[PDB]
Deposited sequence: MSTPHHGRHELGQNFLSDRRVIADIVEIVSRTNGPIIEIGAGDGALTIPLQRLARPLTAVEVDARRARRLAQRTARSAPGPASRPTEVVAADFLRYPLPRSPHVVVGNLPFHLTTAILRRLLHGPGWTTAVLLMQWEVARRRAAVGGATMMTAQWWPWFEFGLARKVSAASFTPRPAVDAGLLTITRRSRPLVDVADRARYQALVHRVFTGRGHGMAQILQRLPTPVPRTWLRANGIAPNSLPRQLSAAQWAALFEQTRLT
């Protein structure tokens, strides 16, 4: 496991979390590198840590730095993949174990209540999720319900011990107005898969060899030679409504 040792990254994450509202849930709290600074935001906090011995040590540390028994942070010894997320508004934050990143992201994207997620993960994953240099199939598949932001790059030297690759700080925000109804999620995500894996050179050829009016692409501001990665969230949703 790679614990966050760079205090500047801690300050940066706390700065982003401080601009949000409501209760906070932290994934992989560890020794409390983020938990202790997050508790000073005076908001309700739940810190999740799968190592029970480490979770008990963290519960003592959070209580010691808290105003006292009468006033704070609940430390839960649990696997976040099995943790029931509340359906009420909350904010999620975490330094994710790099081998469980996509499973944790899947669990969060299908989960309720949370309005913002502030997550530390592998740099290549955070880059693809934030659509740096164009969107990937997974980003476009979640775009009607969420927005992704790349806050910063984080060197492997900012962790102890050092991971094999660098990291990225990713923000995710739940759209208050979804672009596609959640009931149509599986058909929407199937269409996005079909376009990213379809044969053809460019959108005009891809949409031809697929099970769309020929005037549709240019009327929606899409160049016929464009690649699926160049489409915006609004264009994917218009394509879903069309098909």
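Chemist: If I number the deposited sequence starting at 1, which residue ranges have no C-alpha coordinates at all?
Modeler: Several stretches lack coordinates - namely 1-12, 84, 225-226, 259-261, in sequence order.
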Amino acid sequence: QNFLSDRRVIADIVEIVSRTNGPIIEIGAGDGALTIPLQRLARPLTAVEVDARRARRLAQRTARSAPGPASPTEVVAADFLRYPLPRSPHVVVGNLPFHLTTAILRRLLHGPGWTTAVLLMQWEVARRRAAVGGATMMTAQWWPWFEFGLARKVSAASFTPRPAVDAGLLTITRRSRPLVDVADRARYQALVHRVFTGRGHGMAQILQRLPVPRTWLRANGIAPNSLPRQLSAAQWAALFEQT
From here on, numbers count along this sequence of modelled residues.
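Chemist: On mean C-alpha B-factor from the PDB entry, just flag whether 45-53 or 195-203 is the higher one.
Modeler: 195-203 has the higher mean C-alpha B-factor.
Chemist: Can you tell me whether 22-30 has a higher mean C-alpha B factor than 61-69 in this record, or the other way round?
Modeler: The stretch with the larger average C-alpha B-factor is 61-69.
Chemist: Select one of 172, 108, 78, 120: the residue whose C-alpha shows the highest B-factor in the crystal structure entry.
Modeler: By C-alpha B-factor in the record, 78 ranks first.
Chemist: When the CA B-factors of 94, 149, 144, 133 are compared as recorded in the entry, which is the largest?
Modeler: Answer, based on the entry's C-alpha B-factors: 133.
Chemist: Is the Cα B-factor recorded for residue 87 in the lowest, middle or highest third of its chain?
Modeler: CA B-factor rank for residue 87: highest third.
Chemist: Can you work out whether the C-alpha temperature factor of residue 153 puts it in the lowest, middle or highest third of the chain?
Modeler: Its C-alpha B-factor, which the entry lists for residue 153, ranks in the lowest third among residues of this chain.
Chemist: If you rank every modelled residue in this chain by C-alpha B factor, which third holds residue 178: lowest, middle or highest?
Modeler: For residue 178, the deposited C-alpha B-factor lands in the middle third.
Chemist: When the deposited Cα B-factors of this chain's modelled residues are ordered and cut into thirds, is residue 35 in the lowest, the middle or the highest one?
Modeler: For residue 35, whose C-alpha B-factor we compare with every modelled residue in the chain, the answer is the lowest third.
Chemist: If you rank the chain by CA B-factor, which third does residue 218 end up in: lowest, middle or highest?
Modeler: It falls in the bottom third of the chain.
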